[PDB]
Amino acid sequence: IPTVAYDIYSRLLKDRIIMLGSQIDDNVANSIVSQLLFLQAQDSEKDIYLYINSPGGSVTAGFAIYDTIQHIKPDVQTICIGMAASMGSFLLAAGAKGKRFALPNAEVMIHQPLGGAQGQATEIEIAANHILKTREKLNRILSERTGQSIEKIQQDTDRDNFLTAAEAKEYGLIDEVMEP
Amino acid sequence: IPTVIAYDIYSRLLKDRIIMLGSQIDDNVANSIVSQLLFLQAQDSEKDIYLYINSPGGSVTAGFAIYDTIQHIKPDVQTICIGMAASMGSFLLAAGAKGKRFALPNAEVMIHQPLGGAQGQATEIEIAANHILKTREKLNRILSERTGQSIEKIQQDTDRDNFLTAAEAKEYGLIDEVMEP
Amino acid sequence: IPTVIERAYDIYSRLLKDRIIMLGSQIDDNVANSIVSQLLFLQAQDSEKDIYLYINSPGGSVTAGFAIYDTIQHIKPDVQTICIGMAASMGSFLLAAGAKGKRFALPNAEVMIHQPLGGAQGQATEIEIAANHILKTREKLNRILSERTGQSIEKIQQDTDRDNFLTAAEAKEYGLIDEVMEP
Amino acid sequence: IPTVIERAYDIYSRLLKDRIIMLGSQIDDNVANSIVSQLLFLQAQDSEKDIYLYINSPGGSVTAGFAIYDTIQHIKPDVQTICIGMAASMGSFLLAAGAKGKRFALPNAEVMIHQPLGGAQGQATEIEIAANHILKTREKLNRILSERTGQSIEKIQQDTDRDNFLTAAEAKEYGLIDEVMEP
Amino acid sequence: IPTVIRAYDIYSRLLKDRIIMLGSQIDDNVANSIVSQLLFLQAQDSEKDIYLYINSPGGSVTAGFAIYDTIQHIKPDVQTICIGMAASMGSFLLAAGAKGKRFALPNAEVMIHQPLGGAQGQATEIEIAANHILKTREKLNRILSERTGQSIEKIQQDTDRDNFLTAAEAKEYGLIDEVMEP
Amino acid sequence: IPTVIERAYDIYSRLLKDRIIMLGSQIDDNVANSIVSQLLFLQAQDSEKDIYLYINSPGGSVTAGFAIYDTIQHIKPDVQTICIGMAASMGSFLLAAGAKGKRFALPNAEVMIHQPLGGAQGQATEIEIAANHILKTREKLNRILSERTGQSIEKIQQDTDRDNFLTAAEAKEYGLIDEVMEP
Amino acid sequence: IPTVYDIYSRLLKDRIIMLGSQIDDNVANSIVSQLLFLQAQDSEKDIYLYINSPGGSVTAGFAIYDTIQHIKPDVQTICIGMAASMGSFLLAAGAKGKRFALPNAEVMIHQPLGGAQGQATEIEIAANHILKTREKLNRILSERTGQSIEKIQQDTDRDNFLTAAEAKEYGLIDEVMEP
Amino acid sequence: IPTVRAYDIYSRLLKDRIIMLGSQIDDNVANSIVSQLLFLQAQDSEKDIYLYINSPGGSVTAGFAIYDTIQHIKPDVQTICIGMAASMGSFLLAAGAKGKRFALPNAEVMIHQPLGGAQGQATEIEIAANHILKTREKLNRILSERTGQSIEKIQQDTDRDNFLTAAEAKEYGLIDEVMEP
Amino acid sequence: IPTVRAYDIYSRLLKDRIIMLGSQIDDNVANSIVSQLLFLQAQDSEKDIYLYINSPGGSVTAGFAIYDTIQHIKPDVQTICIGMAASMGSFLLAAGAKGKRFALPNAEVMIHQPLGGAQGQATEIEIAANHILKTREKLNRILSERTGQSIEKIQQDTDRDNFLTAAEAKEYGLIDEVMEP
Amino acid sequence: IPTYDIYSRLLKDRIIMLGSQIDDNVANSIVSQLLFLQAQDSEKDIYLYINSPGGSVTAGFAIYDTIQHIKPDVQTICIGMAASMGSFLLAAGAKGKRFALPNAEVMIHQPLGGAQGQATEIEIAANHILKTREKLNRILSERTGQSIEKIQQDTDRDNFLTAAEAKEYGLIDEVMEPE
Ligand SMILES: *O[B@]1(*)=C2[C]=[C]C(F)=[C]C2=[C]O1
Ligand SMILES: *O[B@]1(*)=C2[C]=[C]C(F)=[C]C2=[C]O1
Ligand SMILES: *O[B@]1(*)=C2[C]=[C]C(F)=[C]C2=[C]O1
Ligand SMILES: *O[B@]1(*)=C2[C]=[C]C(F)=[C]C2=[C]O1
Ligand SMILES: *O[B@]1(*)=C2[C]=[C]C(F)=[C]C2=[C]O1
Ligand SMILES: *O[B@]1(*)=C2[C]=[C]C(F)=[C]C2=[C]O1
Ligand SMILES: *O[B@]1(*)=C2[C]=[C]C(F)=[C]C2=[C]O1
Ligand SMILES: *O[B@]1(*)=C2[C]=[C]C(F)=[C]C2=[C]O1
Ligand SMILES: *O[B@]1(*)=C2[C]=[C]C(F)=[C]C2=[C]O1
Ligand SMILES: *O[B@]1(*)=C2[C]=[C]C(F)=[C]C2=[C]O1
């Protein structure tokens, strides 16, 4: 809301800080991707800081952000404040290795995909196969980014799983709890 | 609606062993049809029963409650399609006693695959998908037995909604005769 | 809906004269009130002849289901249970509650077992009370299902974690019914 | 729902002929008016034979519940109370109100006790009047529950501060019922 | 709901014994039914008294006065018995029973208050509505004064805000004659 | 609602046997059709005995009210009118329409008189037609009220310009009724 | 609303942040961004956080709480009107010695609120989570007020409204600001 | 709405130390008014501030945020009622610097007791009742101090809604002067 | 809407001391009109101000905020009715500087009594009735002073909605002149 | 929409675009534009394009009286449709300078309105709308040269005119042919 003429977020973007503070939908992803591409074009070596306070959102919107982070040359540090849940915790784990952080009282939640399907049996089968493939894709990447096996990630996401920042570090979702 | 000298018109027909299925098939309709079938069997276990069907279909489990009761009881159940028998309605039409399944000449018969829905976690969507796929296999297997068509042909012919005339339904094996005037 | 000559009965009242009770809907307090009243009435008419309870039900209220369950176990007549269509959730619990040896399903009937569902809103303390209550309810259901099926409580817990759909033949193998009724 | 041969009764009317009243819903003014009328009718038919009140109820209006409570205490016949399913809130209050020695629950029935719920909107003065009224109502309920259970008022106050779910066996130990009815 | 052995519903069966059950809000339909039952019972026997059970949150003031005036008009005594709650026009009808024959059960509640209403429109119309509801309050207070023995000034003070009474307090107030014990 | 023994009447049918008609609602076409039919039926049963019309009504449709009014004036029996509760608008018009000397109100009944209400939308020409119609309707009502009360048309016009609430005693002084019925 | 900058941007130039609404993720995002911006402008000067808030999301509140504790400047907190629920938690989170309330401001403390629907297993997970959240809040309130965890648990079982003077006696603030 | 660099009309008045309170008082309005008061004090801690009030009232805690800020800052805050000051609006009118509280001649002032609501368990309703009763005592005590009336008189005079003319508000002590043309 | 640095059309007219009242009168509209009047007085306390009125009326207290501000400030406020001035709109039309109240020839002026509502206990309805009756007396007294008609005539003429042409409004004393082309 | 916005750019050339229903907001804007243009130059004429289904009669008369009051001629040009108060404003342009494009439509009709309440109030509303119709017909008679009786007959029901018929009727002076 406040102005500094920049709004406060535009002012932070000048210092290569991107604030992800909402549900992740296509509009949010389009804006975050555009900010990442802009920052890379301004300086391809300096790293970028992505703050995450997000309950999650669209899996495809989340993957648009995820792939852009992996594509660009700068390191993207990720910093969880408040909560990173679902695709939010997936993006937290996607930051540059060694540069994934959470503040001490931040929460991290991991779970399996949610969705819906209606229609003929054939269509329900297509939707089920699609969401199951999506879960396998997410688990495989989380395995690579955390060092946990795919079987452990599958077991640990069967139901909603809430982690403290310290537990998220032990799990491999972040590298450090940021102390004051 | 009307009363006859006192029965409503449907109660009067039930006295002559006629059951009128003229709506969507839900649990209340199935509970009533099953109860009428059991009552008629208890009144006379040898005389057959006449089930008129004008129905767009409805709940698959409600339809199977009626289907299994028809197969369970001793009397033959003749089935007579007037208007339309679609989805579980055409399944019940095909379930009548062999040789005693009829449609009137302008009645329509429609066959299709099951419809349903699922929401929730991936695991729950998978459970719902497996369930509706097993339900389709169960329906196709019975339709194969009652029509003489192979399961593969029934699967192909129900992939999309398939509307049949009474004459086509007879050629298909869903009914035995088109009832002429 | 239809009426039958005799005075006059609706079709369900006519079946009740032959000791048949039709459970063909979701189980709520009104349905349980009616089923319990029919069971008590039939016992008062004849305490030795058995009763036939047809079940086509997606389930419903757990406490309404237990009102029916306890009445079945309380009265002197045997209650045979016959699943047509579907017995899910408290419906499959009542199916398994019939007199041992007299629990049936028709060949294409479906049986579904699952864990309790519920909700809670309010202060942390209130959510804890609701969670403890629904967890105790699940343990109570599993313990009775274990007794009526012969499966261990641990197996019932594993098999109800997610919705579990059984064919009539599988329900017999599981111990939820005694026989698949053939034509 | 079903009808019974005799002329013709619905199932509840048939049970009422045997002095059985079925309370199987939320308690509102219409339900209380019907239950009170049935109690007065049964007393007028025979002032000595007792009456059987089955309770499966989540509770409801406190004043409707007290209409039933006071009628039970007023009439000459004993009123046995039998909990099936659940007796919660004013339902458990009416369960505890049955004739001493004749209050029962089936083994898997649940009993829940709690404090009154209500609401108030308006000027500070009006909110104060509503608060005083609901606090007096709670004291009235606790005092009667103390008399009918033998627990002290202080224990009832502590045990109803939050929703308190009891098994039938716990309800007997508490003094809300006299016996768990076994098969 | 239930039927009794031709065939009566439970309320019709009680009406045969001269019992009328007022168990709802008082609107024009309820008043029309209660008035009709009172006239019917008087026509059946003009000497035997009538029993009016009251469990009511109140309702329309004019519907309540239709019942009130019919009670005062007919020859039989009308006993009134509060169970549960008699609030607003319900407590007014409770106090209207035959003197000496107004009762409440021990845990019944009685609530008295001033009239409620609404008005919208021109200043002139709001004034007409205000004058009407103020005259209605004076009419109610005057009758309550006569039936309870309290002064009009005390009734006015005691109804300014909602006033909840126990059965024992309602007896002390003069709204009923006796708390009915078991 | 209640039924009375004899065959079987609802309470209103039982009163109609004694030539009592109960007008206890808003006056719409369905109510007027029923009241007119009852008046014609009672005249056909006995053309000399009078009829008793109880009125507790907020009013309603002017044309439905005139259907009742003209039927009262047409038939041979006297129709006594008795206001209980409230007779407002077309209700007070029908109260004043009873047989002269046989129009009553109970002591706390209220009588309200006012001018017609209505609405109109559309072209100027259509609004003019609707205005002329409702003004003619008011003149028709005032002329009849003048005849039945003995007040001049000018006084009735002044006294109905705004809603005018009368006590039973004031309604008698006005000429809308003949007597306040005392106990 | 008014321009001078809008009025809030003008106050932010003097290191004043105005928290005047329910605390949701958007509000927390903005407050955190303002705190980081002010630290980057000057890491030594303190910051003034005015609080008039009925509370809101617990995780949004902790985003603000952890940012306050993380940055180098002291954050003074000043309650005007009401600080309830996570609002009173943030009031108590200000730099020790620099937590204030105006004399007629109200402070309310309570336990977490939430909801859960679904299978028994899911309700259990939600109950365990909200109970752990309450323990986390109580432990921090104990540290910031000097009251024991058992006293905070007892005093938050039901909604507990405090005057500014009572909030000072409790340890939620350091001083009632007089005129 | 209109513009007068560029200011909207309210921003232009704020440059002359005029704050316009012309709506219900909620948390957003209080946040803005408090911010304007702090800004004006920072610009000049000696010149007084003019607060125009046309408000039906609103949140009691939002009103106290404004009230305490007025009492806290160094400048005098003159208050000027135009139209209506009701409920927390009349409380803020009475809160202006003593001698500098005004109403225009046809402005209305209304005083009343707090309004609120509560739902839930008896214990929770009791907590809400105690809270709103303490809030009323706090308001009455301050109104007593600012008007010179006793707390008992304020309690009696706010039991029901009490509408005052500007002249009556001056006689009551809620304002110091009726502003004449 | 249109722009003319850069002003919207209303801001451009305000530079020439013209205020356009073209809507229902609520608290937001009154707050804006009052602010414009105070701003114009501060710019020049001698030049008069032109208030165009096309308004169906609105809140009585919002209308009195504008009325009292007009009477308070030093400049004359000319009032010019275009289209319609009804209810508080016609009250503000009559409030312009004497000799400087105008209507265009086909403009309409409507006068009536206050409208309002009340719900609740008898005591509360009485308080609301007394308040709206006092409000009507206040309006009638001022209209009497500004038109030269007696209070009794204004009371009779506002009992029902009373529509006046511009020429009739001049004869009545609500305006001084019909503005001719 | 496009960028001055396009309408502000046309207003610089003394063109006002009336392209919507006529309500109080539209009339206030059109009146303000007319007064502004007169103040800029009291001799040059003004061009008012009209594509409007009509709207409020009093809002329409605010525009009508302002047109007649100001010194510049106001040319009126109908494109698309001028119906009800729209056709009234079309006929109100400077005599000789009222135009329609060849496929534009002009519709004339009687006033529409509504009334609810007591008989006395319905009578007041009926008298008011009948006086409004007489006022409109009298002005249309003056601006078209048709008698009041003919205008009354021709507006009893909705009456749709082509541009050529509107010229023959006297509502416009010329059908504008292509350039
Ligand atoms: O939560 B989370 C989610 C949701 C949905 C999807 F699809 C996916 C995912 C991951 O995380
Ligand atoms: O149509 B139809 C159907 C539907 C659903 C299901 F589930 C199944 C079926 C068969 O047919
Ligand atoms: O499904 B099912 C259910 C539901 C709910 C509860 F609580 C329980 C149960 C069992 O089954
Ligand atoms: O739950 B329960 C209840 C509710 C409400 C009231 F008031 C009371 C009570 C008791 O229980
Ligand atoms: O409550 B209650 C009431 C209401 C309303 C009116 F008018 C009256 C009364 C009495 O009581
Ligand atoms: O009220 B009332 C009325 C209404 C309407 C019309 F038309 C008429 C009348 C008479 O009364
Ligand atoms: O109020 B408050 C709250 C709410 C919710 C949660 F979760 C937490 C908390 C603290 O405070
Ligand atoms: O009105 B007013 C008010 C409301 C609410 C609260 F809480 C308070 C107050 C004061 O004024
Ligand atoms: O219209 B108008 C009006 C309305 C309302 C009020 F209060 C007032 C007035 C005057 O004018
Ligand atoms: O259309 B049009 C119109 C409408 C309405 C009014 F009032 C008027 C007019 C003319 O045209």
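Ligands are counted one by one from 1 in listed order, and the atoms in each one are counted from 1 as well. Sequence lines set the chain letters: A, B, ... in the order given, protein chains first and strands last, and positions in each chain run from 1. All heavy atoms count here, side chains included; hydrogens, waters and symmetry mates do not.
By heavy-atom distance, the residue among E:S91, E:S88, E:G90, E:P115 lying nearest atom 11 (O) of ligand 5 is E:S88.
Atom numbering of ligand 5 starts at 1 in the shown order; those under 4.0 Å from a heavy atom of E:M89 are 2 (B), 10 (C), 11 (O).
Of the polar atoms of J:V57, none of the N or O atoms is found under 3.5 Å from an N or O of ligand 10, judged by distance alone.
Geometrically, J:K135 engages J:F61 in a cation-pi contact, judged by NZ or CZ lying under 6.0 Å from the ring centre and within 45° of the ring axis.
Among residues two or more places apart in sequence or in another chain, the side-chain contact (heavy atoms from CB on, under 4.5 Å) test is passed with J:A104 by J:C78, J:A100. With sequence neighbours excluded, no residue forms a ring pair (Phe, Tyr, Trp, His ring centres under 6.0 Å) with H:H112.
Heavy-atom distances between J:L112 and ligand 10 reach below 4.0 Å in at least one pair.
In this structure, E:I126 and I:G117 approach most closely via the heavy-atom pair CD1-N, 3.9 Å.
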